[PDB]
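To be precise, the following lines are data20.cif, and they hold mmCIF, N, CA and C atoms.
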```cif
data_start
#
loop_
_atom_site.group_PDB
_atom_site.id
_atom_site.type_symbol
_atom_site.label_atom_id
_atom_site.label_comp_id
_atom_site.auth_asym_id
_atom_site.auth_seq_id
_atom_site.Cartn_x
_atom_site.Cartn_y
_atom_site.Cartn_z
ATOM 1 N N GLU S 474 51.709 188.202 36.844
ATOM 2 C CA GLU S 474 51.099 188.347 38.162
ATOM 3 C C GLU S 474 49.675 188.880 38.061
ATOM 4 N N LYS S 475 49.438 189.833 37.158
ATOM 5 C CA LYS S 475 48.099 190.395 37.010
ATOM 6 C C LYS S 475 47.117 189.374 36.451
ATOM 7 N N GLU S 476 47.572 188.499 35.552
ATOM 8 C CA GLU S 476 46.702 187.442 35.044
ATOM 9 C C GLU S 476 46.358 186.435 36.134
ATOM 10 N N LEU S 477 47.339 186.068 36.961
ATOM 11 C CA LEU S 477 47.096 185.078 38.006
ATOM 12 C C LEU S 477 46.192 185.627 39.101
ATOM 13 N N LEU S 478 46.256 186.934 39.361
ATOM 14 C CA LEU S 478 45.363 187.537 40.343
ATOM 15 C C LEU S 478 43.911 187.487 39.884
ATOM 16 N N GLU S 479 43.675 187.565 38.573
ATOM 17 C CA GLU S 479 42.308 187.497 38.065
ATOM 18 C C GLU S 479 41.751 186.083 38.166
ATOM 19 N N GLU S 480 42.590 185.072 37.933
ATOM 20 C CA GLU S 480 42.169 183.686 38.091
ATOM 21 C C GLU S 480 41.949 183.310 39.551
ATOM 22 N N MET S 481 42.454 184.114 40.488
ATOM 23 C CA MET S 481 42.270 183.860 41.909
ATOM 24 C C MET S 481 40.831 184.067 42.365
ATOM 25 N N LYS S 482 39.979 184.660 41.529
ATOM 26 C CA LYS S 482 38.593 184.942 41.875
ATOM 27 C C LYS S 482 37.621 183.902 41.330
ATOM 28 N N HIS S 483 38.124 182.825 40.731
ATOM 29 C CA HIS S 483 37.254 181.816 40.150
ATOM 30 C C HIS S 483 36.483 181.072 41.241
ATOM 31 N N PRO S 484 35.231 180.693 40.968
ATOM 32 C CA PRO S 484 34.463 179.929 41.964
ATOM 33 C C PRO S 484 35.080 178.587 42.321
ATOM 34 N N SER S 485 35.739 177.923 41.375
ATOM 35 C CA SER S 485 36.241 176.575 41.612
ATOM 36 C C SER S 485 37.395 176.594 42.607
ATOM 37 N N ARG S 486 37.367 175.658 43.560
ATOM 38 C CA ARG S 486 38.459 175.542 44.522
ATOM 39 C C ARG S 486 39.759 175.140 43.838
ATOM 40 N N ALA S 487 39.680 174.229 42.864
ATOM 41 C CA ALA S 487 40.885 173.742 42.200
ATOM 42 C C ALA S 487 41.589 174.854 41.434
ATOM 43 N N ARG S 488 40.820 175.714 40.759
ATOM 44 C CA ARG S 488 41.421 176.813 40.010
ATOM 45 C C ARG S 488 42.154 177.778 40.933
ATOM 46 N N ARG S 489 41.550 178.105 42.077
ATOM 47 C CA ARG S 489 42.184 179.023 43.016
ATOM 48 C C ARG S 489 43.426 178.414 43.653
ATOM 49 N N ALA S 490 43.423 177.101 43.888
ATOM 50 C CA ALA S 490 44.598 176.456 44.465
ATOM 51 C C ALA S 490 45.749 176.402 43.467
ATOM 52 N N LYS S 491 45.444 176.191 42.184
ATOM 53 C CA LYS S 491 46.501 176.127 41.178
ATOM 54 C C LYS S 491 47.096 177.504 40.909
ATOM 55 N N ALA S 492 46.259 178.542 40.877
ATOM 56 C CA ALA S 492 46.764 179.887 40.626
ATOM 57 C C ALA S 492 47.611 180.393 41.786
ATOM 58 N N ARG S 493 47.320 179.941 43.007
ATOM 59 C CA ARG S 493 48.110 180.361 44.160
ATOM 60 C C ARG S 493 49.512 179.768 44.121
ATOM 61 N N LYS S 494 49.639 178.515 43.677
ATOM 62 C CA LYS S 494 50.949 177.873 43.641
ATOM 63 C C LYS S 494 51.850 178.499 42.584
ATOM 64 N N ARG S 495 51.285 178.868 41.431
ATOM 65 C CA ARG S 495 52.071 179.579 40.428
ATOM 66 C C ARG S 495 52.442 180.975 40.908
ATOM 67 N N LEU S 496 51.523 181.646 41.606
ATOM 68 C CA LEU S 496 51.787 182.999 42.083
ATOM 69 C C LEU S 496 52.888 183.025 43.134
ATOM 70 N N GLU S 497 52.992 181.975 43.951
ATOM 71 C CA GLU S 497 54.011 181.945 44.996
ATOM 72 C C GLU S 497 55.416 181.942 44.406
ATOM 73 N N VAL S 498 55.624 181.204 43.314
ATOM 74 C CA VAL S 498 56.928 181.207 42.660
ATOM 75 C C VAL S 498 57.188 182.553 41.992
ATOM 76 N N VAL S 499 56.164 183.129 41.358
ATOM 77 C CA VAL S 499 56.316 184.429 40.709
ATOM 78 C C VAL S 499 56.627 185.510 41.735
ATOM 79 N N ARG S 500 55.935 185.485 42.877
ATOM 80 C CA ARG S 500 56.169 186.489 43.913
ATOM 81 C C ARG S 500 57.585 186.398 44.463
ATOM 82 N N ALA S 501 58.095 185.177 44.644
ATOM 83 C CA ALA S 501 59.439 185.005 45.186
ATOM 84 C C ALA S 501 60.492 185.606 44.266
ATOM 85 N N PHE S 502 60.310 185.464 42.951
ATOM 86 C CA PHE S 502 61.272 186.025 42.009
ATOM 87 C C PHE S 502 61.183 187.546 41.964
ATOM 88 N N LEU S 503 59.969 188.092 42.059
ATOM 89 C CA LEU S 503 59.801 189.540 41.992
ATOM 90 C C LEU S 503 60.393 190.230 43.215
ATOM 91 N N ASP S 504 60.197 189.651 44.401
ATOM 92 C CA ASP S 504 60.665 190.285 45.628
ATOM 93 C C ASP S 504 62.166 190.120 45.832
ATOM 94 N N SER S 505 62.733 188.984 45.425
ATOM 95 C CA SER S 505 64.148 188.727 45.670
ATOM 96 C C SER S 505 65.043 189.511 44.719
ATOM 97 N N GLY S 506 64.613 189.683 43.473
ATOM 98 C CA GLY S 506 65.441 190.297 42.458
ATOM 99 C C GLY S 506 66.206 189.332 41.581
ATOM 100 N N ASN S 507 65.995 188.028 41.741
ATOM 101 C CA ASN S 507 66.639 187.046 40.882
ATOM 102 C C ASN S 507 65.980 187.017 39.508
ATOM 103 N N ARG S 508 66.747 186.586 38.510
ATOM 104 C CA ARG S 508 66.153 186.433 37.190
ATOM 105 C C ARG S 508 65.844 184.969 36.908
ATOM 106 N N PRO S 509 64.679 184.692 36.317
ATOM 107 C CA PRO S 509 64.317 183.295 36.028
ATOM 108 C C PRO S 509 65.283 182.585 35.095
ATOM 109 N N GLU S 510 65.937 183.303 34.182
ATOM 110 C CA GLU S 510 66.832 182.662 33.226
ATOM 111 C C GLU S 510 68.183 182.293 33.829
ATOM 112 N N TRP S 511 68.432 182.634 35.094
ATOM 113 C CA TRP S 511 69.648 182.203 35.772
ATOM 114 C C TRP S 511 69.606 180.738 36.185
ATOM 115 N N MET S 512 68.469 180.063 36.010
ATOM 116 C CA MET S 512 68.355 178.644 36.317
ATOM 117 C C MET S 512 68.936 177.755 35.225
ATOM 118 N N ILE S 513 69.369 178.332 34.106
ATOM 119 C CA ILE S 513 70.068 177.610 33.049
ATOM 120 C C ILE S 513 71.517 178.074 33.045
ATOM 121 N N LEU S 514 72.441 177.120 33.119
ATOM 122 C CA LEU S 514 73.854 177.436 33.268
ATOM 123 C C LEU S 514 74.496 177.768 31.928
ATOM 124 N N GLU S 515 75.333 178.801 31.931
ATOM 125 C CA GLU S 515 76.203 179.131 30.808
ATOM 126 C C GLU S 515 77.676 178.936 31.132
ATOM 127 N N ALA S 516 78.079 179.220 32.369
ATOM 128 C CA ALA S 516 79.423 178.947 32.859
ATOM 129 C C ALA S 516 79.319 178.115 34.130
ATOM 130 N N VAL S 517 80.093 177.039 34.198
ATOM 131 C CA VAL S 517 80.047 176.092 35.308
ATOM 132 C C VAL S 517 81.197 176.409 36.258
ATOM 133 N N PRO S 518 80.931 176.687 37.533
ATOM 134 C CA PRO S 518 82.026 176.937 38.479
ATOM 135 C C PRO S 518 82.827 175.675 38.760
ATOM 136 N N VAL S 519 84.094 175.875 39.115
ATOM 137 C CA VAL S 519 85.019 174.787 39.416
ATOM 138 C C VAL S 519 85.504 174.947 40.851
ATOM 139 N N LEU S 520 85.413 173.867 41.625
ATOM 140 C CA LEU S 520 85.831 173.881 43.019
ATOM 141 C C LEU S 520 87.342 174.099 43.119
ATOM 142 N N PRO S 521 87.812 174.747 44.185
ATOM 143 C CA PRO S 521 89.253 174.905 44.362
ATOM 144 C C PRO S 521 89.932 173.558 44.497
ATOM 145 N N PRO S 522 91.170 173.434 44.009
ATOM 146 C CA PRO S 522 91.811 172.109 43.946
ATOM 147 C C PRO S 522 92.120 171.493 45.300
ATOM 148 N N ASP S 523 92.296 172.293 46.353
ATOM 149 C CA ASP S 523 92.629 171.734 47.658
ATOM 150 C C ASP S 523 91.449 171.035 48.318
ATOM 151 N N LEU S 524 90.222 171.334 47.897
ATOM 152 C CA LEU S 524 89.044 170.643 48.399
ATOM 153 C C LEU S 524 88.708 169.396 47.592
ATOM 154 N N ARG S 525 89.395 169.173 46.474
ATOM 155 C CA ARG S 525 89.303 167.934 45.702
ATOM 156 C C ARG S 525 90.716 167.440 45.408
ATOM 157 N N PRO S 526 91.467 167.076 46.441
ATOM 158 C CA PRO S 526 92.919 166.948 46.295
ATOM 159 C C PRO S 526 93.345 165.699 45.537
ATOM 160 N N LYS A 1072 103.294 179.476 77.392
ATOM 161 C CA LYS A 1072 103.810 180.729 77.918
ATOM 162 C C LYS A 1072 103.165 181.121 79.240
ATOM 163 N N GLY A 1073 102.213 180.333 79.734
ATOM 164 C CA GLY A 1073 101.547 180.655 80.980
ATOM 165 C C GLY A 1073 100.434 181.672 80.869
ATOM 166 N N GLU A 1074 99.752 181.731 79.730
ATOM 167 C CA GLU A 1074 98.692 182.699 79.490
ATOM 168 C C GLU A 1074 97.353 181.991 79.318
ATOM 169 N N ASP A 1075 96.287 182.786 79.331
ATOM 170 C CA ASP A 1075 94.957 182.282 79.026
ATOM 171 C C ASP A 1075 94.739 182.272 77.517
ATOM 172 N N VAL A 1076 93.987 181.280 77.048
ATOM 173 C CA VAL A 1076 93.809 181.068 75.612
ATOM 174 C C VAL A 1076 92.993 182.214 75.021
ATOM 175 N N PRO A 1077 93.253 182.605 73.769
ATOM 176 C CA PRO A 1077 92.542 183.750 73.182
ATOM 177 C C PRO A 1077 91.170 183.404 72.622
ATOM 178 N N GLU A 1078 90.529 184.391 71.985
ATOM 179 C CA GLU A 1078 89.201 184.255 71.399
ATOM 180 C C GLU A 1078 89.269 183.467 70.091
ATOM 181 N N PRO A 1079 88.331 182.554 69.865
ATOM 182 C CA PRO A 1079 88.341 181.751 68.638
ATOM 183 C C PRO A 1079 87.794 182.522 67.443
ATOM 184 N N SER A 1080 87.937 181.904 66.271
ATOM 185 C CA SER A 1080 87.487 182.495 65.015
ATOM 186 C C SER A 1080 86.658 181.502 64.208
ATOM 187 N N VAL A 1081 86.378 181.841 62.955
ATOM 188 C CA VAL A 1081 85.497 181.033 62.100
ATOM 189 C C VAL A 1081 86.110 179.651 61.895
ATOM 190 N N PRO A 1082 85.343 178.574 62.048
ATOM 191 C CA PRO A 1082 85.873 177.238 61.757
ATOM 192 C C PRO A 1082 86.122 177.046 60.270
ATOM 193 N N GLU A 1083 87.039 176.127 59.969
ATOM 194 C CA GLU A 1083 87.417 175.878 58.583
ATOM 195 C C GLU A 1083 86.349 175.106 57.818
ATOM 196 N N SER A 1084 85.619 174.210 58.487
ATOM 197 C CA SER A 1084 84.585 173.440 57.808
ATOM 198 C C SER A 1084 83.429 174.309 57.329
ATOM 199 N N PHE A 1085 83.203 175.464 57.959
ATOM 200 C CA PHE A 1085 82.208 176.396 57.442
ATOM 201 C C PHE A 1085 82.686 177.066 56.161
ATOM 202 N N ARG A 1086 83.990 177.335 56.056
ATOM 203 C CA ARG A 1086 84.542 177.873 54.818
ATOM 204 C C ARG A 1086 84.420 176.867 53.683
ATOM 205 N N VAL A 1087 84.567 175.579 53.997
ATOM 206 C CA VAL A 1087 84.396 174.533 52.995
ATOM 207 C C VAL A 1087 82.952 174.488 52.509
ATOM 208 N N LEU A 1088 81.994 174.643 53.427
ATOM 209 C CA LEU A 1088 80.584 174.602 53.052
ATOM 210 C C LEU A 1088 80.221 175.751 52.119
ATOM 211 N N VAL A 1089 80.759 176.945 52.377
ATOM 212 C CA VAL A 1089 80.484 178.091 51.514
ATOM 213 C C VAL A 1089 81.044 177.854 50.117
ATOM 214 N N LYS A 1090 82.268 177.329 50.033
ATOM 215 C CA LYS A 1090 82.874 177.068 48.732
ATOM 216 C C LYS A 1090 82.122 175.982 47.974
ATOM 217 N N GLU A 1091 81.704 174.922 48.671
ATOM 218 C CA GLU A 1091 80.976 173.842 48.013
ATOM 219 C C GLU A 1091 79.604 174.295 47.533
ATOM 220 N N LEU A 1092 78.977 175.236 48.241
ATOM 221 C CA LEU A 1092 77.713 175.789 47.771
ATOM 222 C C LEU A 1092 77.917 176.705 46.572
ATOM 223 N N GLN A 1093 79.069 177.377 46.493
ATOM 224 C CA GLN A 1093 79.364 178.198 45.323
ATOM 225 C C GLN A 1093 79.630 177.342 44.094
ATOM 226 N N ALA A 1094 80.156 176.131 44.286
ATOM 227 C CA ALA A 1094 80.314 175.201 43.175
ATOM 228 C C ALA A 1094 78.974 174.726 42.633
ATOM 229 N N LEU A 1095 77.909 174.836 43.424
ATOM 230 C CA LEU A 1095 76.556 174.537 42.980
ATOM 231 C C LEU A 1095 75.845 175.762 42.418
ATOM 232 N N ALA A 1096 76.590 176.832 42.120
ATOM 233 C CA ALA A 1096 76.051 178.064 41.543
ATOM 234 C C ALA A 1096 75.054 178.742 42.482
ATOM 235 N N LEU A 1097 75.346 178.715 43.779
ATOM 236 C CA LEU A 1097 74.550 179.406 44.785
ATOM 237 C C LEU A 1097 75.395 180.501 45.418
ATOM 238 N N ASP A 1098 74.838 181.707 45.496
ATOM 239 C CA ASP A 1098 75.542 182.862 46.049
ATOM 240 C C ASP A 1098 75.210 182.967 47.532
ATOM 241 N N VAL A 1099 76.154 182.566 48.380
ATOM 242 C CA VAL A 1099 76.011 182.626 49.830
ATOM 243 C C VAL A 1099 76.905 183.741 50.349
ATOM 244 N N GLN A 1100 76.325 184.655 51.125
ATOM 245 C CA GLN A 1100 77.040 185.834 51.587
ATOM 246 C C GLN A 1100 76.740 186.083 53.058
ATOM 247 N N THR A 1101 77.777 186.438 53.811
ATOM 248 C CA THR A 1101 77.651 186.791 55.219
ATOM 249 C C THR A 1101 77.561 188.306 55.350
ATOM 250 N N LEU A 1102 76.591 188.775 56.127
ATOM 251 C CA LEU A 1102 76.305 190.196 56.255
ATOM 252 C C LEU A 1102 76.439 190.635 57.707
ATOM 253 N N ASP A 1103 76.470 191.950 57.898
ATOM 254 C CA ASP A 1103 76.561 192.577 59.205
ATOM 255 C C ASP A 1103 75.231 193.248 59.551
ATOM 256 N N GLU A 1104 75.233 194.003 60.654
ATOM 257 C CA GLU A 1104 74.013 194.635 61.148
ATOM 258 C C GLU A 1104 73.368 195.539 60.103
ATOM 259 N N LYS A 1105 74.169 196.160 59.240
ATOM 260 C CA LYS A 1105 73.675 197.100 58.243
ATOM 261 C C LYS A 1105 73.451 196.454 56.883
ATOM 262 N N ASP A 1106 73.451 195.121 56.815
ATOM 263 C CA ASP A 1106 73.344 194.352 55.578
ATOM 264 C C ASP A 1106 74.530 194.567 54.646
ATOM 265 N N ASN A 1107 75.670 195.004 55.181
ATOM 266 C CA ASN A 1107 76.835 195.108 54.317
ATOM 267 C C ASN A 1107 77.631 193.807 54.342
ATOM 268 N N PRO A 1108 78.298 193.470 53.241
ATOM 269 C CA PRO A 1108 79.038 192.204 53.187
ATOM 270 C C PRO A 1108 80.200 192.173 54.166
ATOM 271 N N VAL A 1109 80.490 190.970 54.655
ATOM 272 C CA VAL A 1109 81.633 190.709 55.522
ATOM 273 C C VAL A 1109 82.485 189.636 54.859
ATOM 274 N N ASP A 1110 83.781 189.902 54.737
ATOM 275 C CA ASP A 1110 84.708 188.966 54.115
ATOM 276 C C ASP A 1110 85.292 188.045 55.179
ATOM 277 N N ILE A 1111 85.052 186.739 55.033
ATOM 278 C CA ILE A 1111 85.575 185.747 55.964
ATOM 279 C C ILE A 1111 86.801 185.031 55.423
ATOM 280 N N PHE A 1112 87.255 185.379 54.219
ATOM 281 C CA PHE A 1112 88.419 184.755 53.604
ATOM 282 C C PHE A 1112 89.645 185.662 53.630
ATOM 283 N N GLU A 1113 89.627 186.702 54.466
ATOM 284 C CA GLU A 1113 90.761 187.600 54.682
ATOM 285 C C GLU A 1113 91.196 188.314 53.406
ATOM 286 N N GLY A 1114 90.320 188.393 52.408
ATOM 287 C CA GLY A 1114 90.694 188.987 51.142
ATOM 288 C C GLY A 1114 91.574 188.123 50.270
ATOM 289 N N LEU A 1115 91.746 186.846 50.614
ATOM 290 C CA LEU A 1115 92.607 185.960 49.842
ATOM 291 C C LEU A 1115 91.933 185.421 48.588
ATOM 292 N N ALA A 1116 90.607 185.517 48.492
ATOM 293 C CA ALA A 1116 89.868 184.975 47.358
ATOM 294 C C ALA A 1116 89.132 186.047 46.566
ATOM 295 N N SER A 1117 89.400 187.322 46.829
ATOM 296 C CA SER A 1117 88.774 188.422 46.107
ATOM 297 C C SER A 1117 89.699 188.879 44.987
ATOM 298 N N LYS A 1118 89.145 189.026 43.785
ATOM 299 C CA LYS A 1118 89.943 189.389 42.621
ATOM 300 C C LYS A 1118 90.333 190.860 42.664
ATOM 301 N N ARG A 1119 91.270 191.197 43.547
ATOM 302 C CA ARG A 1119 91.779 192.558 43.707
ATOM 303 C C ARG A 1119 90.656 193.539 44.031
#
```
Target format structure tokens, applied to this file:
Amino acid sequence: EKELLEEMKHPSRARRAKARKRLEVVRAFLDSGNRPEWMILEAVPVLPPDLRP
Amino acid sequence: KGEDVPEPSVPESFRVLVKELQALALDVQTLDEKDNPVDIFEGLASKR
């Protein structure tokens, strides 16, 4: 987050737009409390049998 | 019996939606005014 905040001061419009999009995902993870490594599955849930009868 | 019908409760298709979202590895939880969890499955699906 601290690196992306420094790139937010660049004169180029494209650089500031790209750093904002990366920061939005980083901010969402920091505020929610989720961990980024939870996006890779280790155990797969199984639906209850009555909903797949 | 000649009475007025009682108050309704949670529909079953909403319970199906919660379970199907849990099969997608998404944690969906119903909360109350104080942000405390509310159990809509009558304790039938909680591991003791």
Item to complete: Select residues of chain S: the criterion is any atom within 6.5 Å of an atom of chain A, counting all atoms listed in the file; output as a list in words.
Response: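 Every residue meeting the condition is included here: residues 518, 519 and 520 of chain S.
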Worksheet, complete the sentence: As a check of understanding: the span from atom CA of residue A:1113 to atom CA of residue S:525 is 21.7 Å
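Picture a line from atom C of residue A:1081 to atom C of residue A:1110; it runs 10.8 Å.
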Tell me which residues come within 9 Å of (44.2, 184.0, 41.2), as a short mmCIF file (atom, residue, chain, number, x, y, z; two decimals) with N, CA and C atoms, keeping the file's coordinate frame, counting only C-alpha atoms in the file's coordinates.
```
data_model
loop_
_atom_site.label_atom_id
_atom_site.label_comp_id
_atom_site.auth_asym_id
_atom_site.auth_seq_id
_atom_site.Cartn_x
_atom_site.Cartn_y
_atom_site.Cartn_z
N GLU S 474 51.71 188.20 36.84
CA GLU S 474 51.10 188.35 38.16
C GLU S 474 49.68 188.88 38.06
N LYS S 475 49.44 189.83 37.16
CA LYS S 475 48.10 190.40 37.01
C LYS S 475 47.12 189.37 36.45
N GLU S 476 47.57 188.50 35.55
CA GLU S 476 46.70 187.44 35.04
C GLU S 476 46.36 186.44 36.13
N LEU S 477 47.34 186.07 36.96
CA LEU S 477 47.10 185.08 38.01
C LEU S 477 46.19 185.63 39.10
N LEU S 478 46.26 186.93 39.36
CA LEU S 478 45.36 187.54 40.34
C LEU S 478 43.91 187.49 39.88
N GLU S 479 43.68 187.56 38.57
CA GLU S 479 42.31 187.50 38.06
C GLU S 479 41.75 186.08 38.17
N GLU S 480 42.59 185.07 37.93
CA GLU S 480 42.17 183.69 38.09
C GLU S 480 41.95 183.31 39.55
N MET S 481 42.45 184.11 40.49
CA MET S 481 42.27 183.86 41.91
C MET S 481 40.83 184.07 42.36
N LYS S 482 39.98 184.66 41.53
CA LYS S 482 38.59 184.94 41.88
C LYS S 482 37.62 183.90 41.33
N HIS S 483 38.12 182.82 40.73
CA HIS S 483 37.25 181.82 40.15
C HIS S 483 36.48 181.07 41.24
N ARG S 488 40.82 175.71 40.76
CA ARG S 488 41.42 176.81 40.01
C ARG S 488 42.15 177.78 40.93
N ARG S 489 41.55 178.10 42.08
CA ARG S 489 42.18 179.02 43.02
C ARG S 489 43.43 178.41 43.65
N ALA S 490 43.42 177.10 43.89
CA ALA S 490 44.60 176.46 44.46
C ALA S 490 45.75 176.40 43.47
N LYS S 491 45.44 176.19 42.18
CA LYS S 491 46.50 176.13 41.18
C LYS S 491 47.10 177.50 40.91
N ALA S 492 46.26 178.54 40.88
CA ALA S 492 46.76 179.89 40.63
C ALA S 492 47.61 180.39 41.79
N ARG S 493 47.32 179.94 43.01
CA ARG S 493 48.11 180.36 44.16
C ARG S 493 49.51 179.77 44.12
N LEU S 496 51.52 181.65 41.61
CA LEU S 496 51.79 183.00 42.08
C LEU S 496 52.89 183.02 43.13
#
```
Please define a box with edges along x, y and z of the file around all atoms of stretch 504-517 of chain S given in the file, extend it by 8 Å on each side, and return its centre and edge lengths in Å to one decimal, as lines of an AutoDock Vina configuration file.
```
center_x = 70.7
center_y = 183.2
center_z = 38.3
size_x = 37.0
size_y = 30.2
size_z = 31.0
```
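Going from atom CA of residue A:1084 to atom N of residue A:1103 covers 20.2 Å.
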